[PDB]
Amino acid sequence: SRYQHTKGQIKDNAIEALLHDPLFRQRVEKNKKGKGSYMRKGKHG
RNA sequence: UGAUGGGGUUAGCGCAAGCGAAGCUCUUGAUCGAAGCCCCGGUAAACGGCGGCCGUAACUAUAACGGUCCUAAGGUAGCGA
């Protein structure tokens, strides 16, 4: 199925417009433990 | 205003050229001499003037931004085929 992208009416490049689109934003994950790992309640209980 | 210097003329000293004092003259004109101009600042509802180039962002585009040259200063608000 289709994808409703950000950049309305992409002209030239058909692949370097989507690279800035939030489909290809940088997925950064969370640490544990690690500079930024506070729980407050974890996955269970 | 006329210093100072130069020239003409001639009483005279030299039988020669030549020099030549006073006086009268022709000329040069140092000195003294103000505003103005140059110079110093001001004033634009005084006359007037009020920029180029070159890049630069999340496809493209455009450039908020940056570089550099020049000017007395680079046109601001408002409007604008």
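In this view, residue numbering begins from 1 on each chain in the order the sequence is written and may differ from the entry, while residues that lack coordinates are not shown. To label them, take the chains in the order written and letter them from A, then take the ligands in the order written and number them from 1. This view holds some of the chains of a larger assembly, and the values cover only those chains. With hydrogens and water excluded, all non-hydrogen atoms of the structure serve as input to the side-chain values.

The deposited coordinates derive from cryo-EM, with the record listing a resolution of 3.1 Å.

A. Examining the overall build of chain A more closely. In this description a helix means any DSSP run of H or I spanning at least four residues, a strand means any run of E spanning at least two, and both kinds are numbered starting from the N terminus. For chain A, the count of helices and strands is zero helices and zero strands. Dimensions of chain A along its principal axes, counting C-alpha atoms only, are 50 × 25 × 15 Å. Whether a residue is buried, partly exposed or exposed follows from its accessible area with a 1.4 Å probe, protein chains only, as a fraction of its type maximum: under 20%, in between, or over 50%, in that order. Relative to its 45 residues, chain A shows a buried fraction of 4%. Residue burial considers only the protein chains on display, and all accessible areas are found by Shrake-Rupley using a 1.4 Å probe. Accessible area of chain A: about 5200 Å², with a carbon and sulfur share of 52%. Of the side-chain charges in chain A, 12 are positive and 4 negative, and the distance between the mean point of each set is 17 Å. The sign given to each residue is positive for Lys and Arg and negative for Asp and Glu; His and the chain ends receive no count. The atoms used to mark charge sites are NZ of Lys, CZ of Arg, CG of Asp and CD of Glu.

B. Summary view of the protein's contact with RNA strand B. Throughout, the term near means that a residue has one or more heavy atoms lying within 4 Å of the molecule or strand in question. The immediate surroundings of RNA strand B are formed by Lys-7, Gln-9, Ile-10, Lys-11, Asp-12, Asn-13, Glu-16, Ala-17 and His-20. For RNA strand B, the fraction of atoms within 4 Å of the protein that belong to sugar or phosphate moieties is 59%. Between RNA strand B and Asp-12, the relevant distance is 3.3 Å, taken from a sugar or linking oxygen to a side-chain nitrogen or oxygen of the residue. Each polar contact in these results corresponds to two N or O atoms within 3.5 Å; when the atoms are within protein, one needs to be able to donate a hydrogen and the other to accept it, and residues that are neighboring in sequence are counted only if both atoms are side-chain atoms. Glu-16 places a polar main-chain atom, nitrogen or oxygen, 3.2 Å from a sugar or linking oxygen of RNA strand B. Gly is put with the polar residues, along with every residue not named as nonpolar or charged; the nonpolar set is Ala, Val, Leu, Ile, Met, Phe, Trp, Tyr, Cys and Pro, and the charged set is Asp, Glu, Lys and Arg. Residue classes in the surface near RNA strand B are distributed as two nonpolar, three polar and four charged.

C. Seen up close, the layout of surface pockets. The calculated volume of the largest pocket comes to roughly 150 Å³. Both site types are read off a 1 Å grid over the protein atoms alone. A 1.4 Å probe that fits but cannot get out defines a cavity, while an open set with protein on both sides within 12 Å along at least five of seven lines defines a pocket; lining residues have an atom within 4 Å of a point. Forming the walls of the largest pocket are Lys-30, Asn-31, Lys-32, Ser-37, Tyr-38, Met-39, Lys-41 and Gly-42. Grid points are joined across faces, edges and corners, and a volume is the space filled by probe spheres set on the points.

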